[PDB]
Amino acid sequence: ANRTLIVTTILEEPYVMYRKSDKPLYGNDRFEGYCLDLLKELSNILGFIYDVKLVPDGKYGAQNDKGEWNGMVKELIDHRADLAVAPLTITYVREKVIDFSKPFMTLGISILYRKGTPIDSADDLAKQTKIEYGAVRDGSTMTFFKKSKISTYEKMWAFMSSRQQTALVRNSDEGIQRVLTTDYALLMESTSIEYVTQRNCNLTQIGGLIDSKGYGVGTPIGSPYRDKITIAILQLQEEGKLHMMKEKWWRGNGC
């Protein structure tokens, strides 16, 4: 029997969650969600077995000032995982050090905030300071602002970087709690926003998509699996299964 593939991933609802059960759950059975369903479908098309591991440091992957990567990106670089199957955003900087399949889901950065305010866009956030705003620290969303050369986004980065102790948050759930408990707007991927707004009728996406990208399966550079995974994703798309999986996890279940 050929080798079990090691898959790195990260807890992020709905994509990867701990399954709830009365019975004890072991190994891969402990996890459920969109990415686990995807991984199952991929393994069925491509004929591999796998072992799901969380990224040890609990991070997506960013570069430090020395250029060193961490998170799921580093696990792939260092060949401690064969695949990353997660809501891992395909970015030019990451493409330099790891390979990605074609996307299995598209998204754009946008804004999560409450309904019923005069805030209609990023520009409306940028031109004021009363409403705090920010992003999950050290992910592709935060990095977008850090690296932007667009006036509005530079101003927003200046704001959230100078006010970093309160404006930048640890993870999605912490950001959502800030939106819920304080006057705060979270810069967040549209996929996640949709999940939230389906579950809290006081919350809304503000404005449109600030960028346009995708999540892809990551592999170490040069992996022969990357193209096979692309082909499998294309098949799932052709079969309508990617649409089915999104519907399943975003609007029923639940919740």
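Note that residue numbering begins at 1 and tracks the sequence as displayed. Heads up, when I say rigid core I mean the largest set of C-alphas that superpose within 1.5 Å between the two forms.
Core-fitted comparison in 8 other deposited structures of this protein shows that, between 35-43 and 204-212, the CA atoms farther from the shown form belong to 204-212. Comparing the two stretches 78-86 and 159-167 by root mean square C-alpha distance in 8 other deposited structures of this protein, with all structures fitted on the core, the more displaced one is 159-167. A summary of the deposited B-factors shows that, of 4-12 and 245-253, the stretch with the larger mean C-alpha value is 245-253. Here the stretch with the larger average CA B-factor, out of 60-68 and 36-44, is 60-68. Going by the entry's values, 161 shows the largest Cα B-factor out of 141, 110, 91, 161. In the deposited entry, the Cα temperature factor of residue 180 sits in the top third of values across the chain's modelled residues.
Placement of the Cα temperature factor of residue 85 within the chain: lowest third of the modelled residues, per the deposited record. Sorting the modelled residues of the chain by their CA temperature factor places residue 234 in the middle third.
Per the PDB record, residue ranking by Cα B-factor puts residue 101 in the lowest third of the chain.
The entry lists a Cα temperature factor for residue 78 that places it in the middle third of the chain's modelled residues.
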